[PDB]
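Visitor: Got a structure here, written out as structure tokens. Questions coming.
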Amino acid sequence: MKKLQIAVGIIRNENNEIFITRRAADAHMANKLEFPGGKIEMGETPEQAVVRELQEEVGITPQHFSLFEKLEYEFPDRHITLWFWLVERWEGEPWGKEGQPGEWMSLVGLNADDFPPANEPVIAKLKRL
Ligand SMILES: Nc1nc2c([nH]c(=O)n2[C@H]2C[C@H](O)[C@@H](COP(=O)(O)OP(=O)(O)OP(=O)(O)O)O2)c(=O)[nH]1
Ligand SMILES: OC[C@H]1O[C@@](CO)(O[C@H]2O[C@H](CO)[C@@H](O)[C@H](O)[C@H]2O)[C@@H](O)[C@@H]1O
Ligand SMILES: [Mn+2]
Ligand SMILES: [Mn+2]
Ligand SMILES: [Mn+2]
């Protein structure tokens with residue numbers, strides 16, 4: 001079974017809203033809401049990966065961020081380790097830089113059912129902030 005390391009960014013503005021994108025219909029976890037992020041490549045660290053992935057996907061450079069949660073999840077056909085970075089400072093304005101839907105969502109209104117099931121404990125912990 002495939003094993004992947006994934007770094008994602010929880011992008012939180014001053015109004016307690018999170019920048020959330022929606023995954024393509026032909027992707028793994030198709031049509032799900034998601035924190036922007038992606039695969040950690042050989043020769044880069046988890047910290048470097050979340051910077052690169054947010055630059056690619058939404059056009060911001062995260063800075064002074066922290067590891068909010070790290071967890072493992074077994075999907076039906078792949079095992080993934082997810083690094084959830086809390087990003088409260090960044091350069092740029094996030095947008096759908098890869099043509100994907102993206103918008104600001106109130107933290108209190110997030111519904112874990114809309115996200116991959118791996119995100120359930122993270123969404124709960126976020127609402128506890
Ligand atoms: N990006 C992201 N992926 C998540 C989340 N929760 C979750 O289980 N996943 C899973 C879905 C995928 O199996 C994997 C993310 O890989 P990805 O498809 O974003 O990887 P990528 O951006 O590097 O891929 P690509 O655009 O090059 O095709 O992790 C999340 O909140 N954000
Ligand atoms: O690992 C994140 C953790 O480390 C601290 C310093 O103790 O932040 C450092 O690492 C971040 C990720 O690379 C950087 O963004 C930050 O600038 C750097 O100081 C903590 O702030 C954070 O919890
Ligand atoms: Mn990507
Ligand atoms: Mn991605
Ligand atoms: Mn990638």
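How things are named: the first chain in the structure tokens is A, the next is B, and so on; residues count from 1 in each chain; ligands count from 1 in the order shown.
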Do a neighbour search on region 80-92 of chain A at 6 Å with only C-alpha atoms, toss out local chain neighbours closer than 6 positions, and write the hits as a list in words.
Guide: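 Skipping anything fewer than 6 positions along the chain leaves residues 3, 4, 5, 6, 7, 8, 9, 10, 11, 12, 60, 61, 62, 63, 65, 66, 67, 68, 69, 70, 71, 72 and 73 of chain A.
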Visitor: Taking only C-alpha atoms and all ligand atoms into account, produce a table as JSON lines in which each residue of chain A with an atom at most 8 Å from an atom of ligand 5 appears once, together with its shortest atom pair and the distance in Å to one decimal, ordered by chain and rising number.
Guide:
{"residue": "A:37", "atom": "CA", "partner": "ligand 5", "partner_atom_place_in_ligand_line": "1 (Mn)", "distance": 7.4}
{"residue": "A:38", "atom": "CA", "partner": "ligand 5", "partner_atom_place_in_ligand_line": "1 (Mn)", "distance": 4.7}
{"residue": "A:39", "atom": "CA", "partner": "ligand 5", "partner_atom_place_in_ligand_line": "1 (Mn)", "distance": 4.9}
{"residue": "A:40", "atom": "CA", "partner": "ligand 5", "partner_atom_place_in_ligand_line": "1 (Mn)", "distance": 7.3}
{"residue": "A:41", "atom": "CA", "partner": "ligand 5", "partner_atom_place_in_ligand_line": "1 (Mn)", "distance": 7.8}
{"residue": "A:53", "atom": "CA", "partner": "ligand 5", "partner_atom_place_in_ligand_line": "1 (Mn)", "distance": 6.3}
Visitor: Just write the chosen residues, N, CA, C and O atoms, as a PDB file, in the first residue's frame.
Guide:
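The result, stored in again-v4.pdb:
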ATOM      1  N   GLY A  37      -2.322  22.092   0.687  1.00  0.00           N
ATOM      2  CA  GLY A  37      -1.123  21.353   1.033  1.00  0.00           C
ATOM      3  C   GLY A  37      -0.876  20.233   0.040  1.00  0.00           C
ATOM      4  O   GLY A  37      -1.568  20.108  -0.966  1.00  0.00           O
ATOM      5  N   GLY A  38       0.133  19.424   0.338  1.00  0.00           N
ATOM      6  CA  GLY A  38       0.448  18.337  -0.568  1.00  0.00           C
ATOM      7  C   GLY A  38       1.631  17.521  -0.111  1.00  0.00           C
ATOM      8  O   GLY A  38       2.064  17.606   1.039  1.00  0.00           O
ATOM      9  N   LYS A  39       2.154  16.735  -1.047  1.00  0.00           N
ATOM     10  CA  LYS A  39       3.147  15.719  -0.718  1.00  0.00           C
ATOM     11  C   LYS A  39       4.505  16.334  -0.395  1.00  0.00           C
ATOM     12  O   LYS A  39       5.004  17.200  -1.125  1.00  0.00           O
ATOM     13  N   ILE A  40       5.105  15.871   0.700  1.00  0.00           N
ATOM     14  CA  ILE A  40       6.477  16.223   1.050  1.00  0.00           C
ATOM     15  C   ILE A  40       7.416  15.444   0.141  1.00  0.00           C
ATOM     16  O   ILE A  40       7.384  14.207   0.110  1.00  0.00           O
ATOM     17  N   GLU A  41       8.260  16.163  -0.591  1.00  0.00           N
ATOM     18  CA  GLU A  41       9.141  15.548  -1.569  1.00  0.00           C
ATOM     19  C   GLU A  41      10.442  15.094  -0.920  1.00  0.00           C
ATOM     20  O   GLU A  41      10.821  15.546   0.163  1.00  0.00           O
ATOM     21  N   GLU A  53       4.050  24.177  -0.893  1.00  0.00           N
ATOM     22  CA  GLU A  53       2.700  23.817  -1.327  1.00  0.00           C
ATOM     23  C   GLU A  53       1.746  25.005  -1.246  1.00  0.00           C
ATOM     24  O   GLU A  53       0.873  25.167  -2.112  1.00  0.00           O
TER      25      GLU A  53
END
Visitor: Write out as a short mmCIF file (atom, residue, chain, number, x, y, z; two decimals) with N, CA and C atoms, in the first residue's frame all residues of chain A that DSSP puts in strand (DSSP E or B) for this structure's backbone.
Guide:
data_model
loop_
_atom_site.label_atom_id
_atom_site.label_comp_id
_atom_site.auth_asym_id
_atom_site.auth_seq_id
_atom_site.Cartn_x
_atom_site.Cartn_y
_atom_site.Cartn_z
N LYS A 2 0.47 2.24 -0.82
CA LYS A 2 1.19 3.51 -0.89
C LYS A 2 1.25 4.17 0.48
N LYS A 3 2.40 4.77 0.79
CA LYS A 3 2.60 5.55 2.00
C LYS A 3 3.07 6.94 1.61
N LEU A 4 2.41 7.96 2.14
CA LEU A 4 2.70 9.34 1.78
C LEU A 4 2.81 10.21 3.02
N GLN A 5 3.71 11.20 2.96
CA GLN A 5 3.79 12.26 3.95
C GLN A 5 3.23 13.53 3.32
N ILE A 6 2.25 14.15 3.98
CA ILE A 6 1.51 15.29 3.45
C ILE A 6 1.64 16.45 4.43
N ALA A 7 1.97 17.64 3.93
CA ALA A 7 2.01 18.85 4.74
C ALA A 7 0.92 19.80 4.29
N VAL A 8 0.10 20.28 5.23
CA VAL A 8 -1.00 21.18 4.91
C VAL A 8 -0.95 22.38 5.84
N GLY A 9 -1.56 23.47 5.39
CA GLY A 9 -1.59 24.70 6.17
C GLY A 9 -2.99 25.15 6.53
N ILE A 10 -3.21 25.38 7.83
CA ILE A 10 -4.46 25.92 8.35
C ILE A 10 -4.26 27.43 8.38
N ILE A 11 -4.86 28.12 7.41
CA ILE A 11 -4.59 29.53 7.15
C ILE A 11 -5.68 30.34 7.83
N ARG A 12 -5.34 30.99 8.94
CA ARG A 12 -6.33 31.63 9.82
C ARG A 12 -6.12 33.14 9.83
N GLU A 17 -11.43 33.17 10.55
CA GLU A 17 -11.83 32.47 9.34
C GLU A 17 -10.62 31.73 8.79
N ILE A 18 -10.88 30.61 8.11
CA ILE A 18 -9.84 29.74 7.58
C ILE A 18 -9.97 29.72 6.06
N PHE A 19 -8.85 29.75 5.35
CA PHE A 19 -8.90 29.71 3.89
C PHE A 19 -8.93 28.25 3.44
N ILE A 20 -10.05 27.85 2.83
CA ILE A 20 -10.35 26.45 2.53
C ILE A 20 -10.55 26.31 1.03
N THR A 21 -9.95 25.27 0.44
CA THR A 21 -10.15 24.97 -0.97
C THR A 21 -10.94 23.67 -1.12
N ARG A 22 -11.43 23.41 -2.33
CA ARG A 22 -12.21 22.20 -2.58
C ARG A 22 -11.49 21.35 -3.63
N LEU A 33 -13.72 19.41 0.98
CA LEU A 33 -13.01 20.59 1.46
C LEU A 33 -11.68 20.17 2.05
N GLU A 34 -10.71 21.09 2.04
CA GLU A 34 -9.36 20.71 2.42
C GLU A 34 -8.59 21.93 2.89
N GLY A 37 -2.32 22.09 0.69
CA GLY A 37 -1.12 21.35 1.03
C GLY A 37 -0.88 20.23 0.04
N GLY A 38 0.13 19.42 0.34
CA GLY A 38 0.45 18.34 -0.57
C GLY A 38 1.63 17.52 -0.11
N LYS A 39 2.15 16.74 -1.05
CA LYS A 39 3.15 15.72 -0.72
C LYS A 39 4.51 16.33 -0.40
N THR A 61 3.19 32.85 1.11
CA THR A 61 4.34 32.28 1.82
C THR A 61 4.06 32.30 3.31
N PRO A 62 3.83 31.15 3.94
CA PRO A 62 3.58 31.14 5.39
C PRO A 62 4.86 31.43 6.14
N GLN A 63 4.72 32.12 7.27
CA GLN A 63 5.88 32.41 8.11
C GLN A 63 5.48 32.35 9.58
N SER A 66 3.35 27.07 13.18
CA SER A 66 3.60 26.07 14.21
C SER A 66 2.90 24.77 13.84
N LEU A 67 3.42 23.66 14.35
CA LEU A 67 2.79 22.36 14.11
C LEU A 67 1.58 22.21 15.02
N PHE A 68 0.39 22.23 14.42
CA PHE A 68 -0.84 22.11 15.18
C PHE A 68 -1.15 20.66 15.54
N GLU A 69 -0.93 19.74 14.60
CA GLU A 69 -1.23 18.34 14.82
C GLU A 69 -0.48 17.52 13.77
N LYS A 70 -0.02 16.34 14.17
CA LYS A 70 0.51 15.36 13.23
C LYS A 70 -0.20 14.05 13.49
N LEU A 71 -0.75 13.44 12.45
CA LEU A 71 -1.48 12.19 12.65
C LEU A 71 -1.34 11.29 11.43
N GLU A 72 -1.67 10.03 11.63
CA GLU A 72 -1.66 9.06 10.55
C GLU A 72 -3.09 8.61 10.28
N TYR A 73 -3.38 8.32 9.02
CA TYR A 73 -4.71 7.86 8.66
C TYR A 73 -4.60 6.81 7.57
N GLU A 74 -5.32 5.70 7.75
CA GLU A 74 -5.36 4.63 6.76
C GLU A 74 -6.62 4.78 5.92
N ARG A 78 -4.47 3.74 0.64
CA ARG A 78 -3.20 4.42 0.88
C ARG A 78 -3.12 4.81 2.35
N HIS A 79 -1.89 4.87 2.85
CA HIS A 79 -1.61 5.31 4.20
C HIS A 79 -0.95 6.68 4.12
N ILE A 80 -1.46 7.64 4.88
CA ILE A 80 -0.88 8.97 4.83
C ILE A 80 -0.60 9.47 6.24
N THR A 81 0.50 10.20 6.37
CA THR A 81 0.84 10.94 7.58
C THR A 81 0.62 12.41 7.24
N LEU A 82 -0.22 13.08 8.03
CA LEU A 82 -0.59 14.47 7.78
C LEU A 82 0.05 15.38 8.81
N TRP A 83 0.73 16.41 8.32
CA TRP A 83 1.33 17.45 9.15
C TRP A 83 0.47 18.69 9.01
N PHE A 84 -0.29 19.03 10.06
CA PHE A 84 -1.18 20.19 10.03
C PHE A 84 -0.46 21.37 10.67
N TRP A 85 -0.07 22.35 9.85
CA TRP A 85 0.60 23.55 10.32
C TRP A 85 -0.40 24.68 10.48
N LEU A 86 -0.38 25.34 11.64
CA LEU A 86 -1.20 26.52 11.88
C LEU A 86 -0.48 27.76 11.37
N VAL A 87 -1.09 28.43 10.39
CA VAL A 87 -0.48 29.55 9.68
C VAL A 87 -1.30 30.79 10.00
N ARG A 89 0.38 33.99 10.04
CA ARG A 89 1.08 35.09 9.39
C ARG A 89 1.58 34.60 8.04
N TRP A 90 1.47 35.46 7.03
CA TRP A 90 1.92 35.06 5.70
C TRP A 90 2.12 36.30 4.85
N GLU A 91 2.90 36.14 3.79
CA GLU A 91 3.01 37.14 2.74
C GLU A 91 2.08 36.75 1.61
N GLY A 102 -11.66 28.36 -3.74
CA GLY A 102 -11.11 28.66 -2.44
C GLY A 102 -11.87 29.80 -1.81
N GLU A 103 -12.16 29.71 -0.52
CA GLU A 103 -12.82 30.84 0.12
C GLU A 103 -12.58 30.79 1.62
N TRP A 104 -12.87 31.91 2.26
CA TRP A 104 -12.73 32.03 3.71
C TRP A 104 -13.96 31.45 4.38
N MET A 105 -13.74 30.65 5.42
CA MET A 105 -14.81 29.96 6.12
C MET A 105 -14.66 30.19 7.61
N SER A 106 -15.74 30.60 8.28
CA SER A 106 -15.64 30.78 9.72
C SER A 106 -15.25 29.47 10.38
#
Visitor: Need to verify the contact set: residue 31 (chain A), 10 Å, only C-alpha atoms, exclusion of same-chain residues closer than 6 positions in sequence. Can you return it as number ranges by chain?
Guide: A: 21-25, 114-116
Visitor: Produce a file of the selected residues containing N, CA, C and O atoms, as a PDB file, in the first residue's frame.
Guide:
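Dumped to part09.pdb:
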ATOM      1  N   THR A  21      -9.949  25.272   0.439  1.00  0.00           N
ATOM      2  CA  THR A  21     -10.146  24.966  -0.972  1.00  0.00           C
ATOM      3  C   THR A  21     -10.943  23.672  -1.120  1.00  0.00           C
ATOM      4  O   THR A  21     -11.171  22.944  -0.154  1.00  0.00           O
ATOM      5  N   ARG A  22     -11.429  23.408  -2.332  1.00  0.00           N
ATOM      6  CA  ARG A  22     -12.205  22.198  -2.584  1.00  0.00           C
ATOM      7  C   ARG A  22     -11.490  21.351  -3.625  1.00  0.00           C
ATOM      8  O   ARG A  22     -11.068  21.867  -4.666  1.00  0.00           O
ATOM      9  N   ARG A  23     -11.354  20.058  -3.335  1.00  0.00           N
ATOM     10  CA  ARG A  23     -10.573  19.164  -4.177  1.00  0.00           C
ATOM     11  C   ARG A  23     -11.323  18.796  -5.449  1.00  0.00           C
ATOM     12  O   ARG A  23     -12.556  18.718  -5.472  1.00  0.00           O
ATOM     13  N   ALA A  24     -10.550  18.565  -6.512  1.00  0.00           N
ATOM     14  CA  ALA A  24     -11.098  18.256  -7.825  1.00  0.00           C
ATOM     15  C   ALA A  24     -11.907  16.962  -7.790  1.00  0.00           C
ATOM     16  O   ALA A  24     -11.733  16.100  -6.925  1.00  0.00           O
ATOM     17  N   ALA A  25     -12.803  16.830  -8.767  1.00  0.00           N
ATOM     18  CA  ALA A  25     -13.711  15.692  -8.786  1.00  0.00           C
ATOM     19  C   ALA A  25     -13.007  14.384  -9.119  1.00  0.00           C
ATOM     20  O   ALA A  25     -13.572  13.315  -8.868  1.00  0.00           O
ATOM     21  N   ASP A 114     -17.506  17.577   5.761  1.00  0.00           N
ATOM     22  CA  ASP A 114     -17.157  18.118   4.452  1.00  0.00           C
ATOM     23  C   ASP A 114     -15.702  17.862   4.070  1.00  0.00           C
ATOM     24  O   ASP A 114     -15.343  18.064   2.902  1.00  0.00           O
ATOM     25  N   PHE A 115     -14.873  17.441   5.018  1.00  0.00           N
ATOM     26  CA  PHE A 115     -13.438  17.243   4.862  1.00  0.00           C
ATOM     27  C   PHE A 115     -13.115  15.756   4.828  1.00  0.00           C
ATOM     28  O   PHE A 115     -13.945  14.924   5.213  1.00  0.00           O
ATOM     29  N   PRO A 116     -11.912  15.378   4.392  1.00  0.00           N
ATOM     30  CA  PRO A 116     -11.505  13.980   4.528  1.00  0.00           C
ATOM     31  C   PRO A 116     -11.598  13.552   5.977  1.00  0.00           C
ATOM     32  O   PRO A 116     -11.402  14.366   6.898  1.00  0.00           O
TER      33      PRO A 116
END
Visitor: To one decimal place in Å, what is the distance between CA of residue 32 (chain A) and CA of residue 16 (chain A)?
Guide: 21.1 Å
Visitor: What are the DSSP helix (DSSP H, G or I) residues of region 19-75 of chain A, as a ChimeraX atom specification?
Guide: /A:46-58
Visitor: Kindly indicate which residue among A:98, A:14, A:120, A:113 lies nearest to residue 59 (chain A), using only C-alpha atoms for the distances.
Guide: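 The closest residue to residue 59 (chain A) is A:98.
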